[PDB]
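Here are the chains, one letter per residue:
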Amino acid sequence: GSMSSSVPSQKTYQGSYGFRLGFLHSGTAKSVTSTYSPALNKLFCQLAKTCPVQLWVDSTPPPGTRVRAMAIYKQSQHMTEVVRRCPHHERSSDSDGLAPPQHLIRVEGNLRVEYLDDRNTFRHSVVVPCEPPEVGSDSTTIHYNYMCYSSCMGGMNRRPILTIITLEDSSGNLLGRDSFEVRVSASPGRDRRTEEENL
Ligand SMILES: *C[C@@H](C)C(=O)n1cc(C)c2c(-c3ccc4c(c3)CCN(C)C4)cncc21
Ligand SMILES: [Mg+2]
Ligand SMILES: [Zn+2]
């Protein structure tokens, strides 16, 4: 376990541009590879499958704006432990060539992706340029991939995580923040349906 001496803020912050996340409304059929529970504010997804996350604003942010994703453990007693891939998957060398093998969160389909091992906090994050919607689209979507199961021993080790999405300007200053819980499992639709029944 790499231990950090800080914890990233999780405070929701729409900021000047009205930043917030959206998710597809995918339902809980057996065939779904990712599904989002609004009641739990929790994303359920399969290992290394595309998770679309929409980025919404009310006004266009300045040029060079970027969007960063970072995972932390949800439980207070684990929050200072850096979220990382388990030993097996890190050594599996399943990298797309861009992502460090230790990083839990990847972005797919974006050649401008940038990965950070923070030299002071030791936290991992992934950042991409933030684009307005393309011609013929009404949304900006990032395709995230979670590269370990929540049950991966020596990684998340059955502990729940939060993903924190931050909108930043070109200089790294905070423009907006949103977050959601994540469970990575082989049966996201069933797992979402079950957890919502336990409400
Ligand atoms: C970097 C991302 C957050 C960004 O600059 N961004 C995302 C979105 C969705 C967006 C818009 C935008 C907002 C709302 C609508 C539309 C575009 C298109 C039409 N529908 C109805 C609403 C604008 N600028 C930037 C931006
Ligand atoms: Mg929300
Ligand atoms: Zn793993």
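Residues numbered from 1 in each chain as written, not as in the entry; some residues may be left out. Chains lettered and ligands numbered in written order. Heavy atoms only, no water.

Method of determination, as given in the entry header: X-ray crystallography; reported resolution: 1.72009735908 Å.

1. Topic: the coordination of the zinc ion (ligand 3)
Let me state the cut-off plainly: Coordinating donors are taken as N, O and S atoms within 2.8 Å of the metal, stretched to 3.2 Å for Na, K and Ca; because water is absent from the atoms, sites can appear incomplete. Irregular is the label for any site that misses the other tests, which are tetrahedral for four donors with all angles between 85 and 135 degrees, and square planar for four donors or octahedral for six when opposite donors exceed 155 degrees and the remaining angles lie between 65 and 115.
Protein-derived ligands of the zinc ion (ligand 3) are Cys86 (SG), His89 (ND1), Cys148 (SG) and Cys152 (SG), with the metal-ligand distances lying across 2.1 to 2.3 Å. Taken together, the four donor atoms coordinating the zinc ion (ligand 3) span angles of 103 to 114° at the metal, a pattern that classifies the geometry as tetrahedral. Read from N- to C-terminus, the donor residues coordinating the zinc ion (ligand 3) fall into the pattern C-x2-H-x58-C-x3-C.

2. Comments concerning the sheet that holds strand β1 (residues 20-23)
Our working definition: A pair of strands is considered paired only if DSSP assigns at least 2 bridges between the two. For helices the rule is a DSSP run of H or I covering at least 4 residues; for strands it is a run of E covering at least 2, with both sets numbered from the N terminus onward. Axis definition: a line fitted to C-alpha atoms, limited for helices to the stretch in contact. Angles are taken between N-to-C directions and run from 0 to 180 degrees.
With antiparallel pairing, the four strands of this open sheet are ordered in space as β1-β4-β9-β6. The sheet is open, and its two edges are formed by β1 and β6 (105-107), each paired on a single side. Averaged over all pairs of adjacent strands, the angle between their axes in this sheet comes to 40°, without regard to strand direction. Two elements, β1 and strand β4 (residues 51-56), share four bridges in a ladder whose sense is antiparallel. Note that in β4 the partner of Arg20 across the bridge is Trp56.

3. Examining the side chain of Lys42
Inclusion rule: Think of a polar contact as two N or O atoms within 3.5 Å of one another; within protein, one of them needs to be a possible hydrogen donor and the other a possible acceptor, and neighboring residues in sequence only count if both atoms come from side chains. Note on contacts: a residue pair qualifies if any of its non-hydrogen atoms lie within 4.5 Å across the two residues.
With respect to the secondary-structure elements, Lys42 resides in strand β3 (residues 42-45). A polar atom in the side chain of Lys42 sits 3.1 Å from the side chain of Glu181. Each residue touching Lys42, except ones within four places of it in the same chain, is listed here: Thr35, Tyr36, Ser37, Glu181, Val182, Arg183 and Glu195.

4. Concerning the pattern of salt bridges
Counted only if it meets this: Should a side-chain nitrogen of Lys or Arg be within 4 Å of a carboxyl oxygen of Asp or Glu, the pair is scored as a salt bridge. Think of it in three bands: residues with accessible area under 20% of the maximum for their type are buried, residues over 50% are exposed, and the middle band is partly exposed, with areas taken using a 1.4 Å probe on protein chains only.
Counting across every chain of the model gives 12 salt bridges. Notably, a salt bridge pairs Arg66 with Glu114, separated by 2.9 Å at the nearest N-O pair. Remark: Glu114 occurs in strand β7 (residues 114-117) and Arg66 occurs in strand β5 (residues 66-73); sequence separation between them is 48 residues. For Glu114, a relative accessible area of 34% translates into the label partly exposed. The partner of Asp191 in a salt bridge is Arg183, with the nearest N and O atoms 3.0 Å apart. With a relative accessible area of 13%, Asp191 lands in the buried category.

5. Focus on the site of ligand 1
So the rule is basically this: Any residue with at least one heavy atom within 4 Å of a molecule or strand is counted as near it. Using a 1.4 Å probe, accessible areas were evaluated by the Shrake-Rupley method; residue-level cover was limited to the displayed protein chains. Just so you know the grouping, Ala, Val, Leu, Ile, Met, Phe, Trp, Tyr, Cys and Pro go in nonpolar, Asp, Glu, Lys and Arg go in charged, and all remaining residues, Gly too, go in polar.
Near ligand 1 you find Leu55, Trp56, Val57, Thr60, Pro61, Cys130, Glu131, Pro132, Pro133, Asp138 and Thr140, and these make up its full shell. Between ligand 1 and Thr60, the relevant distance is 2.8 Å, taken from a nitrogen atom to a side-chain nitrogen or oxygen of the residue. For ligand 1, the protein covers 69% of the area, taking 560 Å² as the surface of the free molecule. A breakdown of the residues in the shell around ligand 1 according to their chemical character gives seven nonpolar, two polar and two charged.

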